[PDB]
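Residue numbers start from 1 in every chain, and the chains themselves are labelled A, B, ... in the order their sequence lines are given, proteins ahead of strands. Values reported hereafter were calculated over all heavy atoms of this structure, with side chains retained and with hydrogens, waters and symmetry mates removed.
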Amino acid sequence: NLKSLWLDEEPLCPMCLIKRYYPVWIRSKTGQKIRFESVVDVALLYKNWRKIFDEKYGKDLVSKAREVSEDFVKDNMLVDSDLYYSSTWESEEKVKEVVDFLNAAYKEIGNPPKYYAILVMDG
DNA sequence: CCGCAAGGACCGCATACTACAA
């Protein structure tokens, strides 16, 4: 029941609530927000994969995405960048149209990068 | 009747050399 009360079934303590709120606070305080929101956004920078895809298939994908659900599209973009992966859509007929489209693009411009790097440095 | 009575080249090369979902 606690899980159902929270977004993404993810219960939060007071400190992590602050953590989730903090980006919108900085947004209102500075007008600024980090350009790459999730690790997937960073991952898809690999060989400009997302940029190449969006130019070639970006418009069509967002159209089919909203056809499945309006909650998948925000500001003419996918609500989550993991929707560039076919497996995300798999885990009904409108969904199959997306996966076939994604797989077609992969054979053309390559599979999307699924790995990213964490860099920590210290003197 | 007698004698001789193998030698080097090549020497595994290339391709494929994870894909994908659950």
[N] [atom2] sits how many Å from [X] [atom1], rounded?
X        : N      : atom1 : atom2 : value
A/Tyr106 : B/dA19 : OH    : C1'   : 14 Å
A/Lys114 : B/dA21 : NZ    : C1'   : 9 Å
A/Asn103 : B/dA19 : CG    : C1'   : 12 Å
A/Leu102 : B/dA19 : CG    : P     : 18 Å

Distance between [atom1] atoms of [N] and [M] (Å, rounded):
N      : M      : atom1 : answer
B/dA5  : B/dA9  : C1'   : 23 Å
B/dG7  : B/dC11 : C1'   : 16 Å
B/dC2  : B/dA6  : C1'   : 22 Å
B/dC17 : B/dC13 : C1'   : 15 Å

A/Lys114 meets the side chain to side chain contact (heavy atoms under 4.5 Å, CB included) criterion, sequence neighbours left out, with A/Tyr85, A/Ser87

Worksheet item: Stacked or not: do B/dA16 and B/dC17 have six-ring centres under 5.5 Å apart and planes under 30°?
Response: no

Check for me whether B/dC4 and B/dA5 meet both conditions: six-membered ring centres under 5.5 Å apart and planes under 30°.
no

Open item on the list: Would you say A/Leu12 ends up clustered with A/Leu2 if hydrophobic residues are merged whenever their side chains have heavy atoms under 4.5 Å apart, either directly or through other cluster members?
Closed with: yes

Open item on the list: Taking the basic N atoms (NZ, or NE/NH1/NH2) and the acidic carboxylate oxygens, is any pair closer than 4.0 Å for A/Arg50 and A/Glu55?
Closed with: no

Smallest heavy-atom separation, A/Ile52 atom then A/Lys47 atom, equals CD1-O, 3.8 Å

Positive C1'-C2'-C3'-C4' means north, negative means south, so call it for the sugar of [N].
N      : value
B/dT15 : north
B/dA19 : south
B/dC13 : north

